[PDB]
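*Asks:* no FASTA, just this:
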């Protein structure tokens with residue numbers, strides 16, 4: 001299906017970048033797909049483009065993406081990865097402008113899910129969920145989980 005293709009494309013792109021950053025692949029998780037899909041549908045209804053409540057996604061991280069057209073899996077992953085531009089490997093740690101990249105490559109994250117919903121205006125809202133959550137702000141965590149590119 002279109003949904004299965006989109007999931008696989010997002011995952012394959014994540015795993016390419018994870019290999020470049022020396023960490024193991026992610027696997028897709030059906031329940032994470034379903035929760036991501038649910039939030040993508042909420043976004044396509046309300047258009048309120050901001051992170052879901054933490055309480056709604058026990059222990060998961062999140063990435064979001066929007067465009068005025070139907071987004072491909074590769075596009076979404078490449079655009080999240082591009083946040084690497086703001087990351088300084090000599091100063092490991094959380095910043096908002098790098099979260100989309102650090103979530104993708106976080107060593108200890110094992111599984112992901114992704115969803116996408118169209119709005120009536122033709123735009124699409126995409127949500128990815130990561131388990132266990134990455135980017136936890138604790139001394140040593142970023143240096144151990146966000147590795148430089150090969």
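*Replies:* Perfect, thanks for sending it. Residues are numbered from 1 along each chain as shown.
*Asks:* drop to CA atoms for contacts and neighbour counts, all remaining ones
*Replies:* Fine.
*Asks:* quick check: residue 100 touching residue 63?
*Replies:* Yes - under the criterion of C-alpha atoms under 8 Å, residue 100 makes contact with residue 63 at 6.0 Å.
*Asks:* what sits in contact with each of the two?
*Replies:* Taking C-alpha atoms under 8 Å, 6 or more residues apart in numbering as the contact definition, residue 100 and residue 63 share the neighbouring residues residue 80.
*Asks:* and the residue positioned nearest the centre of the chain, its phi and psi?
*Replies:* Using C-alpha atoms, centre = their mean, the residue of the chain that lies closest to the mean C-alpha position is residue 63, 3.8 Å off. For residue 63, the backbone dihedrals are phi -120, psi 150 (criterion: degrees, to the nearest 10).
*Asks:* residues contacting it?
*Replies:* Taking C-alpha under 8 Å, 6+ apart as the contact definition, residue 63 lies against 51, 80, 100, 103, 127-129.
*Asks:* beta partners of it?
*Replies:* With DSSP bridges as the criterion, residue 63 is bridged to residue 128.
*Asks:* got it, and the one 4 residues further on?
*Replies:* The residues listed as beta-bridge partners of residue 67 by DSSP bridges are residue 124.
*Asks:* nice, that's everything, thank you.
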